[PDB]
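Residues per chain are reported as follows:
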Amino acid sequence: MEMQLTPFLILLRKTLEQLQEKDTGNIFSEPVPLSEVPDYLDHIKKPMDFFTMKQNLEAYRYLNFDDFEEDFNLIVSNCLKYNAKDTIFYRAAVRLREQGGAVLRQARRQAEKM
Ligand SMILES: CCn1c(=O)c(=O)n(CC)c2cc(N3CCCCC3)c(NC(=O)CN3CCN(C)CC3)cc21
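Conventions we followed
- Residues numbered from 1 in each chain as written, not as in the entry; some residues may be left out.
- Heavy atoms only, no water.
- Residues with missing side-chain atoms left out of burial classes, pairs and counts.
- Helix = DSSP H or I, 4+ residues; strand = E, 2+ residues; numbered from the N terminus.
- Buried < 20%, exposed > 50% of the residue type's maximum accessible area, 1.4 Å probe, protein only.
- Polar contact = N/O pair within 3.5 Å; in protein donor to acceptor, adjacent residues only side chain to side chain.
- Near = heavy atom within 4 Å.
- Areas by Shrake-Rupley, 256 points an atom, 1.4 Å probe, with all protein chains shown as cover.
- Nonpolar A, V, L, I, M, F, W, Y, C, P; charged D, E, K, R; others polar.
- Contact = heavy atoms within 4.5 Å.
- Core = buried A, V, L, I, M, F, W, Y, C linked by side-chain atoms within 4.5 Å.
- Salt bridge = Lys/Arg side-chain N within 4 Å of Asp/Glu carboxyl O.
- Axes fitted to C-alpha atoms, helices over the stretch in contact; angles between N-to-C directions.
- Parallel < 35°, antiparallel > 145°, perpendicular 65-115°, else oblique.
- Left-handed = near helix turned anticlockwise from the far one by under 90°.

Structure determination for this PDB entry was carried out by X-ray crystallography, with a resolution of 1.250 Å recorded in the header.

Per the PDB entry, the chain carries the name Peregrin and comes from Homo sapiens. The record lists the entry's title as "Crystal structure of the human BRPF1 bromodomain in complex with BZ073".

Engineer: What should I look at first to understand the side chain of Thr15 in this one?
Structural biologist: With respect to the helices, strands and loops of the structure, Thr15 is situated in helix 1 (residues 5-22). Of the residues examined, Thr15 reaches a relative accessible area of 0% and is grouped as buried. Looking at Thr15, its side chain comes within polar contact range of the main-chain oxygen of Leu11, at 2.7 Å.

Engineer: I tried to follow the environment of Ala84 on my own but got confused; where do I start?
Structural biologist: Residue position: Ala84 is located in the loop between helix 4 (65-82) and helix 5 (88-112). Spatially, the C-alpha atoms of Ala84 and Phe65 are 30 Å apart, while their sequence positions differ by 19 residues.

Engineer: Please explain the site of the ligand as it appears in this structure.
Structural biologist: With respect to spatial proximity, the complete set of residues near the ligand consists of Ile27, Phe28, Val32, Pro33, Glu36, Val37, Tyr40, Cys79, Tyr82, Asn83 and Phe89. Within the contact set of the ligand, an oxygen atom lies 3.0 Å away from a side-chain nitrogen or oxygen of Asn83. Coverage of the ligand by the protein chains reaches 57% of its 630 Å² of free accessible surface. Taken together, the residues of the shell around the ligand break down into nine nonpolar, one polar and one charged.

Engineer: How should I be thinking about the environment of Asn64 in this particular structure?
Structural biologist: Relative to the helices and strands, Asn64 resides in the loop between helix 3 (50-58) and helix 4. C-alpha separation for the pair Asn64 and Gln18, spaced 46 residues apart in sequence, amounts to 18 Å. When near neighbours in sequence (up to four residues on either side) are disregarded, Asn64 contacts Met1 and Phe8.

Engineer: Got a minute to help me understand the environment of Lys14 in this structure?
Structural biologist: Mapped onto the elements of the fold, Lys14 is located in helix 1. Given the relative accessible area of 40%, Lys14 is considered partly exposed. In this structure the C-alpha to C-alpha distance between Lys14 and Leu104, which are 90 residues apart in sequence, comes to 11 Å.

Engineer: Explanation requested: the nonpolar core in the structure shown.
Structural biologist: One recurring pattern in soluble globular proteins: nonpolar side chains tend to sit buried together. Membership of the largest hydrophobic core comes to 27 residues, with the highest contact counts inside it found for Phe50, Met53, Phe68 and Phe72. Elements that contribute at least two residues to this core include exactly helix 1, helix 3, helix 4 and helix 5. At eight residues, helix 5 tops the list of elements feeding residues into this core. When near neighbours in sequence (up to four residues on either side) are disregarded, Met53 contacts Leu16, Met48, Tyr62, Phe68, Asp71, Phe72 and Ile75.

Engineer: How should the pattern of salt bridges be read in this particular structure?
Structural biologist: Between side chains of opposite charge, a pair can form when the charged atoms approach closely. The final tally for this structure, using the stated rule, is six salt bridges. Members of the salt-bridge network, linked through shared partners, are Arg13, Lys54 and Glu58.

Engineer: How should I be thinking about the packing of helix 1 against helix 5 in this particular structure?
Structural biologist: Axes are the key here: two packed helices are described by the angle between their axes and the distance separating the axes. Following both chains from N to C, one finds helix 1 and helix 5 inclined at 165 degrees, their axes separated by 9 Å at the closest point. Here helix 1 lies roughly antiparallel to helix 5, going by the angle between them. Once helix 1 is placed against helix 5, the crossing between them reads as right-handed. From helix 1, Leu11, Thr15, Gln18, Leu19 and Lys22 reach across to helix 5, where they touch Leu96, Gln99, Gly100, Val103, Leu104, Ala107, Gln110 and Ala111.

This is the structure in structure tokens:
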């Protein structure tokens, strides 16, 4: 965390865009609609989605890379937890984990250069 804030935020914005690009159906773009799943919060302690991540970023809630990555990992893990393995949603979370992990490793390399 020994670096300047502004270049770090620029990197997080770019990284978040790269992660969202992997979600081609935009199914992780907004909060899971709780009005449609009244049991969702019985299973999921902390819902997450890319719009919430963007709000958190601009509110200065991500001041280290690990906190940003942790919220991305919640998007994936919540979806794996709630949805059955035979669903497209579950498989899309697996694919996002794979593609997004690669985006995150490269972004972390860039953060280390700061
Ligand atoms: C099962 C709970 N659920 C998850 O657990 C989850 O991880 N995601 C993230 C992959 C979910 C994502 C959505 N979408 C919200 C609308 C955009 C498409 C994805 C919904 N939508 C609905 O429950 C209602 N939605 C059914 C499809 N119809 C075309 C429109 C009305 C539930 C999700």
